[PDB]
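**Q** My structure is stored as input.cif, with mmCIF, N, CA and C atoms.
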data_input
#
loop_
_atom_site.label_atom_id
_atom_site.label_comp_id
_atom_site.auth_asym_id
_atom_site.auth_seq_id
_atom_site.Cartn_x
_atom_site.Cartn_y
_atom_site.Cartn_z
N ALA A 5 10.52 -15.17 16.97
CA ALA A 5 11.14 -15.92 18.05
C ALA A 5 10.41 -17.25 18.30
N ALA A 6 10.97 -18.09 19.18
CA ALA A 6 10.38 -19.39 19.52
C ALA A 6 10.20 -19.62 21.01
N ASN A 7 10.72 -18.73 21.86
CA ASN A 7 10.59 -18.77 23.30
C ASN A 7 9.30 -18.18 23.79
N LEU A 8 8.37 -17.89 22.90
CA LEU A 8 7.20 -17.16 23.30
C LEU A 8 5.97 -17.91 22.83
N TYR A 9 4.83 -17.53 23.39
CA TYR A 9 3.57 -18.16 23.05
C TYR A 9 2.45 -17.26 23.56
N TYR A 10 1.26 -17.49 23.03
CA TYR A 10 0.07 -16.76 23.45
C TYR A 10 -0.71 -17.62 24.45
N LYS A 11 -1.09 -17.02 25.57
CA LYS A 11 -1.93 -17.70 26.55
C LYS A 11 -3.34 -17.17 26.37
N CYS A 12 -4.23 -18.03 25.90
CA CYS A 12 -5.58 -17.63 25.56
C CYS A 12 -6.52 -17.97 26.69
N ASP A 13 -7.32 -16.99 27.07
CA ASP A 13 -8.49 -17.20 27.90
C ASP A 13 -9.25 -18.42 27.42
N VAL A 14 -8.99 -19.59 28.02
CA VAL A 14 -9.60 -20.86 27.63
C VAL A 14 -8.90 -21.48 26.43
N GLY A 15 -8.53 -22.75 26.55
CA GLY A 15 -7.95 -23.49 25.46
C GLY A 15 -6.45 -23.68 25.62
N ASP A 16 -5.91 -24.48 24.69
CA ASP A 16 -4.49 -24.71 24.61
C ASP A 16 -3.75 -23.42 24.28
N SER A 17 -2.44 -23.47 24.44
CA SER A 17 -1.64 -22.36 23.99
C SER A 17 -1.74 -22.22 22.47
N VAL A 18 -1.25 -21.08 21.99
CA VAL A 18 -1.12 -20.81 20.56
C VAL A 18 0.28 -20.26 20.38
N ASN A 19 1.05 -20.86 19.49
CA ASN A 19 2.44 -20.44 19.36
C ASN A 19 2.61 -19.38 18.27
N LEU A 20 3.73 -18.67 18.36
CA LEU A 20 3.99 -17.49 17.55
C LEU A 20 3.74 -17.74 16.07
N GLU A 21 4.05 -18.95 15.59
CA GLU A 21 4.06 -19.21 14.16
C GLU A 21 2.67 -19.38 13.55
N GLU A 22 1.67 -19.80 14.33
CA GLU A 22 0.32 -19.86 13.78
C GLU A 22 -0.25 -18.47 13.58
N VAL A 23 0.06 -17.55 14.50
CA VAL A 23 -0.42 -16.18 14.34
C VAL A 23 0.17 -15.59 13.07
N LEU A 24 1.46 -15.84 12.80
CA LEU A 24 2.02 -15.32 11.56
C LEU A 24 1.22 -15.79 10.36
N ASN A 25 0.88 -17.09 10.32
CA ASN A 25 0.11 -17.61 9.20
C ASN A 25 -1.23 -16.91 9.07
N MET A 26 -1.73 -16.31 10.14
CA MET A 26 -2.96 -15.52 10.02
C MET A 26 -2.77 -14.24 9.21
N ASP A 27 -1.55 -13.70 9.14
CA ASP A 27 -1.26 -12.48 8.37
C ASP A 27 -1.15 -12.80 6.87
N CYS A 28 -2.30 -13.09 6.25
CA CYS A 28 -2.37 -13.21 4.79
C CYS A 28 -3.75 -12.79 4.30
N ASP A 29 -3.87 -12.60 2.98
CA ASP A 29 -5.13 -12.16 2.37
C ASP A 29 -6.28 -13.14 2.57
N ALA A 30 -6.00 -14.43 2.79
CA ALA A 30 -7.09 -15.41 2.82
C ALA A 30 -7.98 -15.23 4.05
N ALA A 31 -7.42 -14.72 5.16
CA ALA A 31 -8.08 -14.63 6.46
C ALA A 31 -8.72 -13.26 6.73
N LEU A 32 -8.67 -12.34 5.77
CA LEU A 32 -9.17 -10.98 5.98
C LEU A 32 -10.64 -10.99 6.38
N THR A 33 -10.96 -10.44 7.55
CA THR A 33 -12.34 -10.19 7.91
C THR A 33 -12.54 -8.70 8.12
N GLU A 34 -13.76 -8.24 7.87
CA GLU A 34 -14.17 -6.89 8.24
C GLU A 34 -14.02 -6.66 9.75
N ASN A 35 -13.59 -5.44 10.11
CA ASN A 35 -13.49 -5.04 11.51
C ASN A 35 -14.87 -4.66 12.06
N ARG A 36 -15.08 -4.90 13.35
CA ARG A 36 -16.41 -4.75 13.92
C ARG A 36 -16.29 -4.21 15.34
N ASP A 37 -17.30 -3.42 15.76
CA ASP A 37 -17.36 -2.91 17.13
C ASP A 37 -17.18 -4.03 18.16
N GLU A 38 -17.57 -5.26 17.81
CA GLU A 38 -17.36 -6.41 18.69
C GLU A 38 -15.87 -6.64 18.96
N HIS A 39 -15.02 -6.38 17.97
CA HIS A 39 -13.62 -6.73 18.10
C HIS A 39 -12.97 -5.94 19.22
N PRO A 40 -11.85 -6.44 19.76
CA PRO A 40 -11.16 -5.70 20.80
C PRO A 40 -10.56 -4.44 20.21
N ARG A 41 -10.68 -3.34 20.95
CA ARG A 41 -10.15 -2.07 20.46
C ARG A 41 -8.63 -2.13 20.31
N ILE A 42 -8.14 -1.44 19.28
CA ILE A 42 -6.69 -1.30 19.05
C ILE A 42 -6.11 -0.36 20.10
N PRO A 43 -5.05 -0.75 20.82
CA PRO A 43 -4.68 0.00 22.04
C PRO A 43 -4.10 1.39 21.77
N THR A 44 -3.52 1.62 20.60
CA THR A 44 -2.95 2.91 20.27
C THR A 44 -3.93 3.83 19.56
N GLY A 45 -4.93 3.26 18.89
CA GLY A 45 -5.85 4.01 18.04
C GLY A 45 -5.57 3.91 16.55
N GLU A 46 -4.48 3.25 16.15
CA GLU A 46 -4.09 3.21 14.75
C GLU A 46 -5.09 2.42 13.91
N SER A 47 -5.06 2.67 12.60
CA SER A 47 -5.81 1.84 11.68
C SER A 47 -5.36 0.41 11.81
N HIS A 48 -6.27 -0.53 11.57
CA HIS A 48 -5.90 -1.93 11.69
C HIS A 48 -6.65 -2.78 10.67
N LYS A 49 -6.05 -3.92 10.34
CA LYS A 49 -6.69 -5.02 9.63
C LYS A 49 -6.89 -6.20 10.57
N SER A 50 -7.89 -7.02 10.25
CA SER A 50 -8.34 -8.11 11.11
C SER A 50 -8.30 -9.43 10.35
N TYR A 51 -8.13 -10.53 11.09
CA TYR A 51 -7.90 -11.84 10.48
C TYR A 51 -8.52 -12.93 11.35
N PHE A 52 -9.31 -13.80 10.72
CA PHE A 52 -10.12 -14.79 11.42
C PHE A 52 -9.57 -16.20 11.18
N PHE A 53 -9.43 -16.99 12.25
CA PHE A 53 -8.93 -18.36 12.14
C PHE A 53 -9.59 -19.23 13.20
N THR A 54 -9.74 -20.52 12.89
CA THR A 54 -10.35 -21.48 13.80
C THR A 54 -9.47 -22.73 13.93
N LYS A 55 -9.43 -23.28 15.15
CA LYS A 55 -8.72 -24.52 15.43
C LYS A 55 -9.34 -25.14 16.67
N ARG A 56 -8.96 -26.38 16.95
CA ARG A 56 -9.47 -27.03 18.15
C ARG A 56 -8.96 -26.29 19.37
N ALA A 57 -9.88 -25.91 20.26
CA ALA A 57 -9.48 -25.22 21.47
C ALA A 57 -8.47 -26.05 22.26
N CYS A 58 -8.86 -27.27 22.61
CA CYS A 58 -7.98 -28.29 23.17
C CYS A 58 -7.93 -29.48 22.22
N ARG A 59 -6.73 -30.01 21.98
CA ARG A 59 -6.65 -31.21 21.18
C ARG A 59 -7.02 -32.47 21.95
N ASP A 60 -7.38 -32.35 23.23
CA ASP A 60 -7.84 -33.51 23.97
C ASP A 60 -9.34 -33.74 23.83
N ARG A 61 -10.13 -32.68 23.71
CA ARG A 61 -11.57 -32.80 23.57
C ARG A 61 -12.00 -32.17 22.25
N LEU A 62 -13.22 -32.48 21.83
CA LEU A 62 -13.77 -31.81 20.67
C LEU A 62 -14.00 -30.32 20.97
N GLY A 63 -14.27 -29.56 19.92
CA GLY A 63 -14.53 -28.15 20.13
C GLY A 63 -13.68 -27.22 19.31
N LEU A 64 -14.32 -26.40 18.50
CA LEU A 64 -13.64 -25.40 17.70
C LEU A 64 -13.71 -24.04 18.38
N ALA A 65 -12.66 -23.24 18.15
CA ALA A 65 -12.50 -21.94 18.79
C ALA A 65 -12.07 -20.89 17.77
N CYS A 66 -12.70 -19.72 17.81
CA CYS A 66 -12.36 -18.65 16.89
C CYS A 66 -11.34 -17.70 17.52
N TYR A 67 -10.36 -17.29 16.72
CA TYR A 67 -9.28 -16.42 17.15
C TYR A 67 -9.16 -15.27 16.15
N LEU A 68 -8.52 -14.18 16.56
CA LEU A 68 -8.45 -12.96 15.76
C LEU A 68 -7.10 -12.27 15.92
N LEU A 69 -6.44 -12.04 14.78
CA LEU A 69 -5.21 -11.25 14.68
C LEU A 69 -5.55 -9.88 14.13
N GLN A 70 -5.15 -8.85 14.86
CA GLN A 70 -5.25 -7.47 14.43
C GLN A 70 -3.86 -6.92 14.17
N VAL A 71 -3.62 -6.40 12.97
CA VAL A 71 -2.34 -5.80 12.62
C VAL A 71 -2.53 -4.30 12.51
N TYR A 72 -1.68 -3.55 13.21
CA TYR A 72 -1.65 -2.10 13.19
C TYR A 72 -0.19 -1.67 13.35
N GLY A 73 0.09 -0.43 12.97
CA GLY A 73 1.39 0.15 13.27
C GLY A 73 2.34 0.14 12.09
N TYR A 74 3.31 1.06 12.14
CA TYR A 74 4.28 1.28 11.08
C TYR A 74 5.35 0.20 11.05
N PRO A 75 5.77 -0.31 12.22
CA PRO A 75 6.60 -1.52 12.22
C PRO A 75 5.80 -2.79 12.52
N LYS A 76 4.48 -2.76 12.31
CA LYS A 76 3.59 -3.93 12.46
C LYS A 76 3.56 -4.48 13.89
N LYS A 77 2.53 -4.11 14.63
CA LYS A 77 2.23 -4.69 15.92
C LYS A 77 1.03 -5.62 15.78
N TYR A 78 1.00 -6.66 16.61
CA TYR A 78 -0.03 -7.69 16.59
C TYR A 78 -0.88 -7.63 17.85
N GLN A 79 -2.14 -8.02 17.70
CA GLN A 79 -2.99 -8.25 18.85
C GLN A 79 -3.80 -9.49 18.57
N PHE A 80 -3.77 -10.42 19.50
CA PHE A 80 -4.33 -11.74 19.29
C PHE A 80 -5.40 -11.96 20.35
N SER A 81 -6.54 -12.46 19.90
CA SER A 81 -7.71 -12.53 20.75
C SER A 81 -8.45 -13.83 20.46
N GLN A 82 -9.33 -14.19 21.38
CA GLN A 82 -10.05 -15.45 21.25
C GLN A 82 -11.50 -15.24 21.65
N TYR A 83 -12.40 -15.83 20.89
CA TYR A 83 -13.81 -15.73 21.21
C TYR A 83 -14.17 -16.73 22.30
N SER A 84 -14.79 -16.24 23.37
CA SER A 84 -15.36 -17.11 24.39
C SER A 84 -16.34 -16.31 25.24
N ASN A 85 -17.54 -16.86 25.41
CA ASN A 85 -18.65 -16.18 26.08
C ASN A 85 -19.23 -15.03 25.26
N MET A 86 -19.29 -15.18 23.94
CA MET A 86 -19.76 -14.09 23.06
C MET A 86 -18.89 -12.84 23.25
N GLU A 87 -17.65 -13.05 23.69
CA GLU A 87 -16.70 -12.00 24.03
C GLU A 87 -15.36 -12.29 23.37
N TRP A 88 -14.73 -11.21 22.91
CA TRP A 88 -13.38 -11.24 22.36
C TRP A 88 -12.43 -10.85 23.49
N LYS A 89 -11.83 -11.85 24.12
CA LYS A 89 -10.74 -11.61 25.06
C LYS A 89 -9.42 -11.67 24.31
N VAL A 90 -8.56 -10.69 24.58
CA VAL A 90 -7.25 -10.65 23.96
C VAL A 90 -6.34 -11.66 24.65
N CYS A 91 -5.72 -12.54 23.85
CA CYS A 91 -4.73 -13.48 24.35
C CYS A 91 -3.44 -12.75 24.71
N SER A 92 -2.71 -13.29 25.69
CA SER A 92 -1.59 -12.57 26.29
C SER A 92 -0.28 -13.28 26.01
N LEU A 93 0.67 -12.55 25.44
CA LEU A 93 1.98 -13.08 25.07
C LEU A 93 2.71 -13.55 26.31
N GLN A 94 3.20 -14.79 26.30
CA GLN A 94 3.94 -15.35 27.44
C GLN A 94 5.26 -15.96 26.99
N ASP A 95 6.17 -16.09 27.95
CA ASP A 95 7.48 -16.69 27.76
C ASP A 95 7.56 -18.00 28.55
N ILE A 96 8.36 -18.93 28.04
CA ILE A 96 8.33 -20.29 28.54
C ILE A 96 9.11 -20.32 29.87
N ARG A 97 8.60 -19.61 30.88
CA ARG A 97 9.27 -19.47 32.20
C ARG A 97 8.65 -20.36 33.29
#
The structure given in the file should be rewritten as structure tokens.
**A**
Amino acid sequence: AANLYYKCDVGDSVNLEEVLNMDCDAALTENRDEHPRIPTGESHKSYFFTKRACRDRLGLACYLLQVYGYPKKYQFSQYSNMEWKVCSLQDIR
């Protein structure tokens, strides 16, 4: 869809289509106790990506896509304060 976006604890929005690009072999990272727990308990793969937090100021920000589930569910998170906060799906309301 295109009516949706991720609202990340700190930084600009992240739109649906960049997260999709994270779902490839190039971004595969090992899963770690640091990462946000998978909410159902299912096995998951993890994916690491970096971009400017805000395009107005300098600063790079690390983000993480976790894929789990039989019909593929996503969980998107952002590093800030040595913490992985999960970004929250929003609608352009």
**Q** Using the chain letters and numbers from this file, what does the PyMOL selection byres ((chain A and resi 61-74) around 7) select? Give the answer as a compact mmCIF listing (two decimals) with N, CA and C atoms, in the frame of the given file.
**A**
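Produced file out-v9.txt, reproduced below:
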# COMPACT_ATOMS: atom_id res chain seq x y z
N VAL A 23 0.06 -17.55 14.50
CA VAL A 23 -0.42 -16.18 14.34
C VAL A 23 0.17 -15.59 13.07
N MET A 26 -1.73 -16.31 10.14
CA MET A 26 -2.96 -15.52 10.02
C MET A 26 -2.77 -14.24 9.21
N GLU A 46 -4.48 3.25 16.15
CA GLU A 46 -4.09 3.21 14.75
C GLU A 46 -5.09 2.42 13.91
N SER A 47 -5.06 2.67 12.60
CA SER A 47 -5.81 1.84 11.68
C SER A 47 -5.36 0.41 11.81
N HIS A 48 -6.27 -0.53 11.57
CA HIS A 48 -5.90 -1.93 11.69
C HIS A 48 -6.65 -2.78 10.67
N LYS A 49 -6.05 -3.92 10.34
CA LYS A 49 -6.69 -5.02 9.63
C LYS A 49 -6.89 -6.20 10.57
N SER A 50 -7.89 -7.02 10.25
CA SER A 50 -8.34 -8.11 11.11
C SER A 50 -8.30 -9.43 10.35
N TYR A 51 -8.13 -10.53 11.09
CA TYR A 51 -7.90 -11.84 10.48
C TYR A 51 -8.52 -12.93 11.35
N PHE A 52 -9.31 -13.80 10.72
CA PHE A 52 -10.12 -14.79 11.42
C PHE A 52 -9.57 -16.20 11.18
N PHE A 53 -9.43 -16.99 12.25
CA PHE A 53 -8.93 -18.36 12.14
C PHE A 53 -9.59 -19.23 13.20
N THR A 54 -9.74 -20.52 12.89
CA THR A 54 -10.35 -21.48 13.80
C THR A 54 -9.47 -22.73 13.93
N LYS A 55 -9.43 -23.28 15.15
CA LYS A 55 -8.72 -24.52 15.43
C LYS A 55 -9.34 -25.14 16.67
N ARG A 56 -8.96 -26.38 16.95
CA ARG A 56 -9.47 -27.03 18.15
C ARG A 56 -8.96 -26.29 19.37
N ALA A 57 -9.88 -25.91 20.26
CA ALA A 57 -9.48 -25.22 21.47
C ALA A 57 -8.47 -26.05 22.26
N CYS A 58 -8.86 -27.27 22.61
CA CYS A 58 -7.98 -28.29 23.17
C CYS A 58 -7.93 -29.48 22.22
N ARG A 59 -6.73 -30.01 21.98
CA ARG A 59 -6.65 -31.21 21.18
C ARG A 59 -7.02 -32.47 21.95
N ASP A 60 -7.38 -32.35 23.23
CA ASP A 60 -7.84 -33.51 23.97
C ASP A 60 -9.34 -33.74 23.83
N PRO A 75 5.77 -0.31 12.22
CA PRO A 75 6.60 -1.52 12.22
C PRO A 75 5.80 -2.79 12.52
N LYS A 76 4.48 -2.76 12.31
CA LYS A 76 3.59 -3.93 12.46
C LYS A 76 3.56 -4.48 13.89
N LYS A 77 2.53 -4.11 14.63
CA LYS A 77 2.23 -4.69 15.92
C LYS A 77 1.03 -5.62 15.78
N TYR A 78 1.00 -6.66 16.61
CA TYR A 78 -0.03 -7.69 16.59
C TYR A 78 -0.88 -7.63 17.85
N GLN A 79 -2.14 -8.02 17.70
CA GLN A 79 -2.99 -8.25 18.85
C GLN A 79 -3.80 -9.49 18.57
N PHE A 80 -3.77 -10.42 19.50
CA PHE A 80 -4.33 -11.74 19.29
C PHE A 80 -5.40 -11.96 20.35
N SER A 81 -6.54 -12.46 19.90
CA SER A 81 -7.71 -12.53 20.75
C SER A 81 -8.45 -13.83 20.46
N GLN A 82 -9.33 -14.19 21.38
CA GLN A 82 -10.05 -15.45 21.25
C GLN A 82 -11.50 -15.24 21.65
N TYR A 83 -12.40 -15.83 20.89
CA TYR A 83 -13.81 -15.73 21.21
C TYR A 83 -14.17 -16.73 22.30
N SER A 84 -14.79 -16.24 23.37
CA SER A 84 -15.36 -17.11 24.39
C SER A 84 -16.34 -16.31 25.24
**Q** Work out how far apart atom C of residue 33 in chain A and atom N of residue 88 in chain A are and give it in Å to one decimal.
**A**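 It comes out at 15.2 Å.
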**Q** Which parts of chain A does DSSP call strand (DSSP E or B) when run on the backbone here, written out as a PyMOL selection string?
**A** chain A and resi 8-11+18-19+32-33+48-56+64-72+77-83+88-90+92-95
**Q** Extract the full set of helix (DSSP H, G or I) residues from chain A according to DSSP on the backbone, and format it as a ChimeraX atom specification.
**A** /A:20-26,29-31
**Q** Write out as a ChimeraX atom specification which residues come within 9 Å of residue 96 in chain A when counting only C-alpha atoms, dropping same-chain ones fewer than 6 positions away.
**A** /A:7-9
**Q** Can you spell out as an mmCIF file with N, CA and C atoms, in the frame of the given file the set of residues that the PyMOL selection byres ((chain A and resi 40-44) around 7) selects in the structure I just provided?
**A**
data_model
loop_
_atom_site.group_PDB
_atom_site.id
_atom_site.type_symbol
_atom_site.label_atom_id
_atom_site.label_comp_id
_atom_site.auth_asym_id
_atom_site.auth_seq_id
_atom_site.Cartn_x
_atom_site.Cartn_y
_atom_site.Cartn_z
ATOM 1 N N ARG A 36 -15.080 -4.900 13.350
ATOM 2 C CA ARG A 36 -16.410 -4.750 13.920
ATOM 3 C C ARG A 36 -16.290 -4.210 15.340
ATOM 4 N N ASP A 37 -17.300 -3.420 15.760
ATOM 5 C CA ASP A 37 -17.360 -2.910 17.130
ATOM 6 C C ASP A 37 -17.180 -4.030 18.160
ATOM 7 N N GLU A 38 -17.570 -5.260 17.810
ATOM 8 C CA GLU A 38 -17.360 -6.410 18.690
ATOM 9 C C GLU A 38 -15.870 -6.640 18.960
ATOM 10 N N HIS A 39 -15.020 -6.380 17.970
ATOM 11 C CA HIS A 39 -13.620 -6.730 18.100
ATOM 12 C C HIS A 39 -12.970 -5.940 19.220
ATOM 13 N N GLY A 45 -4.930 3.260 18.890
ATOM 14 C CA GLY A 45 -5.850 4.010 18.040
ATOM 15 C C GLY A 45 -5.570 3.910 16.550
ATOM 16 N N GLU A 46 -4.480 3.250 16.150
ATOM 17 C CA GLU A 46 -4.090 3.210 14.750
ATOM 18 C C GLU A 46 -5.090 2.420 13.910
ATOM 19 N N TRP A 88 -14.730 -11.210 22.910
ATOM 20 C CA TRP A 88 -13.380 -11.240 22.360
ATOM 21 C C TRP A 88 -12.430 -10.850 23.490
ATOM 22 N N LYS A 89 -11.830 -11.850 24.120
ATOM 23 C CA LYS A 89 -10.740 -11.610 25.060
ATOM 24 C C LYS A 89 -9.420 -11.670 24.310
ATOM 25 N N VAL A 90 -8.560 -10.690 24.580
ATOM 26 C CA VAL A 90 -7.250 -10.650 23.960
ATOM 27 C C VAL A 90 -6.340 -11.660 24.650
#
**Q** For atom C of residue 28 in chain A and CA of residue 13 in chain A, quote the distance in Å rounded to one decimal.
**A**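 We find that atom C of residue 28 in chain A and CA of residue 13 in chain A lie 24.5 Å from each other.
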**Q** Identify all residues satisfying the PyMOL selection byres ((chain A and resi 20) around 6.5) in the given file; provide them as a PDB file with N, CA and C atoms, keeping the file's coordinate frame.
**A**
ATOM      1  N   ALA A   5      10.520 -15.170  16.970  1.00  0.00           N
ATOM      2  CA  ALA A   5      11.140 -15.920  18.050  1.00  0.00           C
ATOM      3  C   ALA A   5      10.410 -17.250  18.300  1.00  0.00           C
ATOM      4  N   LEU A   8       8.370 -17.890  22.900  1.00  0.00           N
ATOM      5  CA  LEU A   8       7.200 -17.160  23.300  1.00  0.00           C
ATOM      6  C   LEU A   8       5.970 -17.910  22.830  1.00  0.00           C
ATOM      7  N   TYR A   9       4.830 -17.530  23.390  1.00  0.00           N
ATOM      8  CA  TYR A   9       3.570 -18.160  23.050  1.00  0.00           C
ATOM      9  C   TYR A   9       2.450 -17.260  23.560  1.00  0.00           C
ATOM     10  N   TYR A  10       1.260 -17.490  23.030  1.00  0.00           N
ATOM     11  CA  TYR A  10       0.070 -16.760  23.450  1.00  0.00           C
ATOM     12  C   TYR A  10      -0.710 -17.620  24.450  1.00  0.00           C
ATOM     13  N   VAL A  18      -1.250 -21.080  21.990  1.00  0.00           N
ATOM     14  CA  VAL A  18      -1.120 -20.810  20.560  1.00  0.00           C
ATOM     15  C   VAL A  18       0.280 -20.260  20.380  1.00  0.00           C
ATOM     16  N   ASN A  19       1.050 -20.860  19.490  1.00  0.00           N
ATOM     17  CA  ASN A  19       2.440 -20.440  19.360  1.00  0.00           C
ATOM     18  C   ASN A  19       2.610 -19.380  18.270  1.00  0.00           C
ATOM     19  N   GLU A  21       4.050 -18.950  15.590  1.00  0.00           N
ATOM     20  CA  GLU A  21       4.060 -19.210  14.160  1.00  0.00           C
ATOM     21  C   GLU A  21       2.670 -19.380  13.550  1.00  0.00           C
ATOM     22  N   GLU A  22       1.670 -19.800  14.330  1.00  0.00           N
ATOM     23  CA  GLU A  22       0.320 -19.860  13.780  1.00  0.00           C
ATOM     24  C   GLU A  22      -0.250 -18.470  13.580  1.00  0.00           C
ATOM     25  N   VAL A  23       0.060 -17.550  14.500  1.00  0.00           N
ATOM     26  CA  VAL A  23      -0.420 -16.180  14.340  1.00  0.00           C
ATOM     27  C   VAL A  23       0.170 -15.590  13.070  1.00  0.00           C
ATOM     28  N   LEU A  24       1.460 -15.840  12.800  1.00  0.00           N
ATOM     29  CA  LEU A  24       2.020 -15.320  11.560  1.00  0.00           C
ATOM     30  C   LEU A  24       1.220 -15.790  10.360  1.00  0.00           C
ATOM     31  N   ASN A  25       0.880 -17.090  10.320  1.00  0.00           N
ATOM     32  CA  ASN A  25       0.110 -17.610   9.200  1.00  0.00           C
ATOM     33  C   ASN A  25      -1.230 -16.910   9.070  1.00  0.00           C
TER      34      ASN A  25
END
**Q** Taking all atoms listed in the file into account, which of A:27, A:95, A:85, A:35 comes nearest residue 6 in chain A?
**A**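 Of the candidates, the smallest distance to residue 6 in chain A is held by A:95.
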**Q** Quick one: distance from CA of residue 15 in chain A to CA of residue 30 in chain A in Å, one decimal?
**A**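 For CA of residue 15 in chain A relative to CA of residue 30 in chain A, the distance reads 24.1 Å.
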**Q** Given 4 Å of margin on each side, can you work out the centre and size in Å (one decimal) of an axis-aligned box holding every listed atom of range 55-64 of chain A, as AutoDock Vina command-line options?
**A**
--center_x -10.6 --center_y -28.5 --center_z 19.6 --size_x 15.9 --size_y 18.5 --size_z 16.8
